[PDB]
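Order-wise, the sequence lines are chains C9, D5, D8, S3, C8, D0, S5, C6 and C7. Counted the way the authors' numbering counts, the first sequence spans residues 2 to 144. Counted the way the authors' numbering counts, the second sequence spans residues 36 to 105. Counted the way the authors' numbering counts, the third sequence spans residues 5 to 67. Counted the way the authors' numbering counts, the fourth sequence spans residues 3 to 58. Counted the way the authors' numbering counts, the fifth sequence spans residues 2 to 146. Counted the way the authors' numbering counts, the sixth sequence spans residues 67 to 121. Counted the way the authors' numbering counts, the seventh sequence spans residues 20 to 225. Counted the way the authors' numbering counts, the eighth sequence spans residues 3 to 143. Counted the way the authors' numbering counts, the ninth sequence spans residues 2 to 64.
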Amino acid sequence: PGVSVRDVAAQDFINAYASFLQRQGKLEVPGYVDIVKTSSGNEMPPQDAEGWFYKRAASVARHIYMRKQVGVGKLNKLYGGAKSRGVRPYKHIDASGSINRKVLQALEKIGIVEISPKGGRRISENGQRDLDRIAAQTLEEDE
Amino acid sequence: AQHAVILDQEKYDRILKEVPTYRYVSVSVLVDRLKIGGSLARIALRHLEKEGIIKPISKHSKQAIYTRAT
Amino acid sequence: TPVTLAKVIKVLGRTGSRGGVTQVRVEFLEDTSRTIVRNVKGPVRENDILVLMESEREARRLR
Amino acid sequence: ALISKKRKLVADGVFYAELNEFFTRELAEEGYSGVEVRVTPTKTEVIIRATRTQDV
Amino acid sequence: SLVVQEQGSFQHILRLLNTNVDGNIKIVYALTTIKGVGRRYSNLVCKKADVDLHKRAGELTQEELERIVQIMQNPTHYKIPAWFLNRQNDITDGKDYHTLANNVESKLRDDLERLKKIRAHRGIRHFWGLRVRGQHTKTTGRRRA
Amino acid sequence: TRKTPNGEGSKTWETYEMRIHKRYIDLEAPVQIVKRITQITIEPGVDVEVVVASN
Amino acid sequence: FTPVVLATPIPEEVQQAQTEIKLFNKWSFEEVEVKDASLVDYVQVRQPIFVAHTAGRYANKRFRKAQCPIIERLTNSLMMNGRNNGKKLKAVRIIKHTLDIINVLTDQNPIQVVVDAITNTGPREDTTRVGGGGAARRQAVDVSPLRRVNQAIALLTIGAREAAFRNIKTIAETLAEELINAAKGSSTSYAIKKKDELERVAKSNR
Amino acid sequence: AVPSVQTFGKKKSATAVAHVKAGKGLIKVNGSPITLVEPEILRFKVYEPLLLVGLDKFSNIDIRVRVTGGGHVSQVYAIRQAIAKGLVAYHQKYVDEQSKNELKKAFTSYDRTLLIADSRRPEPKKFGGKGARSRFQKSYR
Amino acid sequence: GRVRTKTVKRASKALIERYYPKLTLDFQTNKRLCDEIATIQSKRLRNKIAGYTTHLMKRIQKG
RNA sequence: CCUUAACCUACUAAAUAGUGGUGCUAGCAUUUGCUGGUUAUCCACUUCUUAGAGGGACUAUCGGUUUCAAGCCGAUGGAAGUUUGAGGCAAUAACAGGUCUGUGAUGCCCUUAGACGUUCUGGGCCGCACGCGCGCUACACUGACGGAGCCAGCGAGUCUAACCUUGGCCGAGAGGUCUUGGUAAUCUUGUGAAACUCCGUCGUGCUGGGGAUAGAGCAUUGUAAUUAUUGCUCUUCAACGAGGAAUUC
Ligand SMILES: [Mg+2]
Ligand SMILES: [Mg+2]
Ligand SMILES: [Mg+2]
Ligand SMILES: [Mg+2]
Ligand SMILES: [Mg+2]
Ligand SMILES: [Mg+2]
Ligand SMILES: [Mg+2]
Ligand SMILES: [Mg+2]
Ligand SMILES: [Mg+2]
Ligand SMILES: [Mg+2]
Ligand SMILES: [Mg+2]
Ligand SMILES: [Mg+2]
Ligand SMILES: [Mg+2]
Ligand SMILES: [Mg+2]
Ligand SMILES: [Mg+2]
Ligand SMILES: [Mg+2]
Ligand SMILES: [Mg+2]
Ligand SMILES: [Mg+2]
Ligand SMILES: [Mg+2]
Ligand SMILES: [Mg+2]
Ligand SMILES: [Mg+2]
Ligand SMILES: [Mg+2]
Ligand SMILES: [Mg+2]
Ligand SMILES: [Mg+2]
Ligand SMILES: [Mg+2]
Ligand SMILES: [Mg+2]
Ligand SMILES: [Mg+2]
Ligand SMILES: [Mg+2]
Ligand SMILES: [Mg+2]
């Protein structure tokens, strides 16, 4: 029939790209993983421990696919949630541009995204290629 | 701290032999059978479904629901 | 336990010092041709159906 | 030069507010009655509308 | 995940670091009823300890428990960030410690003694038993002492 | 702004607005007509601006 | 049901039911009748709906409260106690879950058993605070159907809210618990009690 | 040049534009199918127009919709309005009138404001309160 | 409370007095009439002066 | 009357708004197809968006009720039928209401060089047994936490200057650093807001609800941060288990 990733529902795609980015083994996982907290506006680290770098890799990937070009900042603001300033009201806070900037470099190094012109990070022709592929792999699970 | 955070062999086979007649089974219904707290009662759900007994007729978080084997 | 259904026929006016009561003439459906006037609690329009819990008693003014 | 358009248009109104004052003091005994400011090439034109122009 | 079984392997309550630890809690949260061991410090240590966080404080090998202690009171050796730590840059030998169990109480006292003994207005302030951090005092805090 | 100079009263707030309307038209022409059409068509209070170029 | 497809495909039971019966989440609006005279015109049930969410202008006039699909009344009354003010997706989902629960217990269209629990907790007559002179006796009044519906819903939700507070059991379990008990009066539900009692003190001062 | 109409749907500030060309029958929103949509609980709110008039009706027509503005629920209503208003905008112009008027009939019959945009809008907040009616809090003395 | 001001009811007066041949139980033609016949300063007021002339008209006809 | 929020496939239009075609091009399917990219490669439009000019509603049609009066009520129609929603404006008169602490508006009085003038240094308005008010965060399971889904509108922004700030690296974080666009429907910005949705963890235990109080280290604004301007990490883990009489909206 043909396929995109937009044809695949947001979460089971991102679990799909996750289980597959894990299979692979290729990645680069800086090294401060597990010992880190994704946001100043966060309490506990993620519970994936050995992982989640894959999930946000999948998340980052898919999101870059859906559009022109996006940089580390827009990902901070995206991946940024609500911090309880404790007894003081909540305020939106951006999450860490380290987790993202190293994710974008690890997906660029594995050639699924590319330092787009104008600014940001365009999705790679080989990324297009392989996302739509595992997309199809994800629908084909459901046959 | 009021019991039901572990497995005690008799509790296993009690689960196995007590979940018919349960038209309603869920996190709250297993706790209510004076046993397993929400951590391991959710494991008892994922493993009673490993084969038999519970029919999954409800989806997700907080809420869950099963019935007896037909 | 003898229920006695009665359909509002006309709306009379609010009673009670507060003004939440509504006076109303009702014809009970099980054998019409006989009226009683009751005092309600909720909102009411014409042709509703009230469950008169006891059949023969009526009121008028409220304070 | 080089200002925002908003800031420019407000700034012009302050320019009006002050001018009207300076005349409303200065020309009291000449029956001053209001100004207008007209902008052109070459010049910047202010017209005193007062009821005794031989004393202005 | 999986219904487990075990035998009499797990003994509830187990004492470490001069404090006591309830069994039958998700271990990570058990090390926090020790002093100086928050939810993040506990987390990272067990992660670094090669332990199953899934597990309760119940199971756990003795060998594990001891590796847990080792990591807790020797952070910078087991390559823990040091900014992850409650007592950076001491103030005498200037090393970075993570003071734990009955000892945090000591240093809390130790520090305050320095302030008082130097006569600094934060000492004076702790001494009068007030709020130090500068918060207004007219209205807030009445029941108190 | 609050209506009162001072502080007493209910806290009546007012609100002032000035309306800035912008328009632009593009024309191709010689130099004579631009200069003819721009010195005249003068209007006090309206801001006329004439640039040039394709950058 | 004669399946059809085009490009973007429409799943099986989706295609199926929709074009066929115009039923709920996937429950039956046909059959289900308000087992009480009166209360009809004040319980909806037809036109059927899919889920309990509507850009409903049920407020701008006096009784257009009464045309509202009755399930969407229940759900609407779920989302309160401030922290849950708004949050209709929350309430609506709790209803679907709740309805899935009732149906497991004793079958019956669970939307029907909801029709029954609403009818079976409306106070046939209540009391009001008359003047009568300083010391104010209690006049027995006959409460409107519309008040009987409203009060049934307000009772049933609050009672289930009160039990859901501070225990493992989730809202929908106790809701469905409340409605199941209330369906055929058994005095074990907070609503059946409070109805039965308002009718005891309304009888005592007449 | 193929036959095609464009429409829109508006609840609160959410506007939803909808193109209705002649095709093999897609039903896509922004860029993803109408099987996704999620809200999900609300999903059958946007299926609704398809099912009130027959899924069949869409086999000669490709349908794309893109939504900007509003909020999560404010978009689910705007789209389904755009779809139904589109389905009758194609029968107004291409197929005959009787049929269109038989679609406005089983749409407005059951309804949910499918062809009729809701007029409800935010009220202004006024001074003295944190809402439009909600005044503050006085204590007298 | 949709009670017509005096300026409305009074204009409706002088119109129906002097332009009763012309005018008819139709607002829309009465409205346009009020353009070609009467000098009002606002659309809103004109439709008020009209839709009311239309009412009076509508009931001069049965007495 | 004005203003704003609602209705115009009618009018005038738009590379600072957008849409359809075409080129140039990516991917997935290949049988056409699906889903992106390309401030000008052109062609066409104006539904979406913008604001000019209009139109529109007059509680209209019909029916109830009313002295068959002004009006009220119900239905249908309708973008709209509570003064269409919400404001702006607003007579006569009154108070010893507030304001000499907004005014280089002012009478009168005080003071005027050992100053009640002005400025500089430092402290104070923050001082804490405690009464009163407005509030913020909470007591959790319609919940906290962690992944992930991911959606607004009113704004505002740098010249003789340092404002709004994308992107790239570095940094756990706060932040840093080299660059960048915008005097702005053009850049920040689609302000990828937050509740919220979803899949998990926890499981009623002052618990993983709550985050006061405090310790230690790191940064940012500024000449200056001690009595801790703010931000961050770790640790410390209070009271509060729904709140008397009362009382706001
Ligand atoms: Mg977000
Ligand atoms: Mg998030
Ligand atoms: Mg601790
Ligand atoms: Mg508001
Ligand atoms: Mg072909
Ligand atoms: Mg082809
Ligand atoms: Mg237009
Ligand atoms: Mg209507
Ligand atoms: Mg108006
Ligand atoms: Mg006085
Ligand atoms: Mg003054
Ligand atoms: Mg003076
Ligand atoms: Mg001042
Ligand atoms: Mg003055
Ligand atoms: Mg002085
Ligand atoms: Mg002060
Ligand atoms: Mg006071
Ligand atoms: Mg106040
Ligand atoms: Mg969450
Ligand atoms: Mg915007
Ligand atoms: Mg560092
Ligand atoms: Mg520059
Ligand atoms: Mg407690
Ligand atoms: Mg605690
Ligand atoms: Mg917390
Ligand atoms: Mg200081
Ligand atoms: Mg001080
Ligand atoms: Mg300050
Ligand atoms: Mg309370």
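The beta carbon of each residue, even a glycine, is placed where N, CA and C say it ideally should be.
Residue-chain proximity (residue 94 (chain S5), chain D5), Cβ-Cβ < 9 angstroms: Chain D5, which has no Cβ nearer than 9 angstroms to the Cβ of residue 94 (chain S5), makes this no.
Within-9 angstroms CB hit, residue 44 (chain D5) to chain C8: Judged by the 9 angstroms Cβ criterion, residue 44 (chain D5) is in contact with chain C8.
Strand pairing of residue 56 (chain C8), partner residues [DSSP]: Secondary-structure assignment with DSSP links residue 56 (chain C8) through no beta bridge to anything.
First through last residue of the beta strand (DSSP E) which encompasses residue 30 (chain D8): Per DSSP, residue 30 (chain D8) belongs to the beta strand (DSSP E) from 25-32.
Span of the beta strand (DSSP E), counted from its first residue to its last, around residue 2 (chain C9): First-last for residue 2 (chain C9): undefined, no H or E at that position.
Any non-hydrogen atom of ligand 18 closer than 8 angstroms to residue 140 (chain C6) Cβ: For ligand 18, a non-hydrogen atom lies closer than 8 angstroms to the CB of residue 140 (chain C6).
Cβ neighbours of residue 83 (chain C8) in the same chain (closer than 6 angstroms, five flanking residues each side left out): Counting only residues of its own chain and dropping the five nearest sequence neighbours on each side, residue 83 (chain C8) has a CB closer than 6 angstroms to the CB of 77 and 97.
Interface residues of chain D8 facing residue 147 (chain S5) [CB-CB closer than 9 angstroms]: By Cβ distance, chain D8 contributes 20, 22, 24, 25, 43, 45 and 66.
CB contact below 9 angstroms: residue 100 (chain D5) versus chain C8: Chain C8 contact via Cβ: absent.
Which listed residue (9 (chain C9), 100 (chain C9) and 48 (chain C9)) has its alpha carbon closest to that of residue 61 (chain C9): For residue 61 (chain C9), the closest C-alpha among the options 9 (chain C9), 100 (chain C9) and 48 (chain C9) is that of 100 (chain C9).
C-beta neighbour in chain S5 for residue 92 (chain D5), strict 9 angstroms: With a threshold of 9 angstroms between beta carbons, residue 92 (chain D5) makes contact with chain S5.
The alpha helix (DSSP H) enclosing residue 129 (chain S5), as first and last residue numbers: Its alpha helix (DSSP H) spans residues 129-138.
Selection of the region 24-49 of chain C8 by Cβ proximity to chain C9, strictly under 9 angstroms: Cβ contacts with chain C9 come from 40, 41, 44, 45, 48 and 49.
Best match in 67 (chain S5), 66 (chain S5) and 58 (chain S5) for proximity to residue 51 (chain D8) [C-alpha to C-alpha]: Ranking 67 (chain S5), 66 (chain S5) and 58 (chain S5) by Cα distance to residue 51 (chain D8) puts 58 (chain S5) first.
Cβ neighbours of residue 161 (chain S5) in the same chain (closer than 6 angstroms, five flanking residues each side left out): Cβ within range, chain order: 144.
Neighbour list for residue 15 (chain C9) in chain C8, Cβ cutoff strictly below 9 angstroms: Within chain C8, no residue comes near residue 15 (chain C9); the closest Cβ sits about 21 angstroms away, beyond 9 angstroms.
Neighbour-count burial assignment, residue 110 (chain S5), 16 or more Cβ in a 10 Å radius: With a 10 Å radius around the Cβ and a threshold of 16 neighbouring Cβ atoms, residue 110 (chain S5) comes out buried.
Distance CB(residue 21 (chain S5))-CB(residue 53 (chain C6)) smaller than 9 angstroms: In this structure, residue 21 (chain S5) sits away from residue 53 (chain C6), with a CB-CB distance that is not shorter than 9 angstroms.
Check: residue 82 (chain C9) C-beta below 8 angstroms from any heavy atom of ligand 2: Within 8 angstroms of the C-beta of residue 82 (chain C9) there is at least one heavy atom belonging to ligand 2.
Any C-beta of chain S5 under 9 angstroms from that of residue 74 (chain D5): False, the Cβ-Cβ gap to chain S5 never drops below 9 angstroms.
Cβ separation of residue 58 (chain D5) and residue 123 (chain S5), assumed to be a contact under 8 angstroms, to the nearest whole Å: Beta-carbon to beta-carbon, residue 58 (chain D5) and residue 123 (chain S5) are separated by about 5 angstroms, close enough to satisfy the 8 angstroms threshold.
Sub-9 angstroms separation of residue 41 (chain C6) and residue 78 (chain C6) beta-carbons: Contact flag set, yes.
Length of the line joining the Cα atoms of residue 93 (chain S5) and residue 213 (chain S5): Approximately 18 angstroms, taken between the alpha carbons.
Residue 31 (chain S5): first and last residue of the uninterrupted alpha helix (DSSP H) it sits in: That run of the alpha helix (DSSP H) goes 31-38.
Where residue 11 (chain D8) sits in the DSSP three-state scheme: Residue 11 (chain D8): strand per DSSP, three-state reduction.
Classification of residue 57 (chain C9) by the beta-carbon crowding that lies within 10 angstroms, buried from 16 upward: Buried, because 16 or more other Cβ atoms sit within 10 Å of the Cβ of residue 57 (chain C9).
CB contact check: residue 158 (chain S5) to chain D8, cutoff 9 angstroms: Under the 9 angstroms criterion on CB atoms, residue 158 (chain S5) is classed as interfacial with respect to chain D8.
Identity of the residues DSSP links to residue 8 (chain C6) by a beta bridge: In DSSP, residue 8 (chain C6) forms a bridge with 21 (chain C6).
Residue 138 (chain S5): contacting residues in chain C6 (beta-carbon distance under 9 angstroms): For residue 138 (chain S5), there are no C-beta contacts with chain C6 under 9 angstroms, since the nearest C-beta of that chain is about 26 angstroms from it.
Option in 19 (chain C6), 29 (chain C6) and 108 (chain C6) with minimal Cα separation from residue 10 (chain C6): The shortest Cα separation from residue 10 (chain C6) among 19 (chain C6), 29 (chain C6) and 108 (chain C6) belongs to 19 (chain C6).
Per-residue DSSP class, three states only, for residue 19 (chain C8): DSSP places residue 19 (chain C8) in coil when its eight states are reduced to three.
Cα-Cα separation between residue 86 (chain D0) and residue 11 (chain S3), rounded to whole angstroms: Distance between the alpha carbons of residue 86 (chain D0) and residue 11 (chain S3): 8 angstroms.
Residue 84 (chain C9) - DSSP class collapsed to helix/strand/coil: Assignment of residue 84 (chain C9) by DSSP, reduced to helix, strand and coil, places it in the strand class.
Residue 95 (chain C8), buried or exposed, once every other Cβ within 10 Å from all chains shown has been counted against 16: Exposed is the call here.
Minimum length 3: unbroken beta strand (DSSP E) runs contained in the region 78-116 of chain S5: The qualifying runs do not exist here; there are none.
Chain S5 residues whose Cβ lies nearer than 7 angstroms to that of residue 56 (chain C6): Neighbours of residue 56 (chain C6) on chain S5, chain order: 38.
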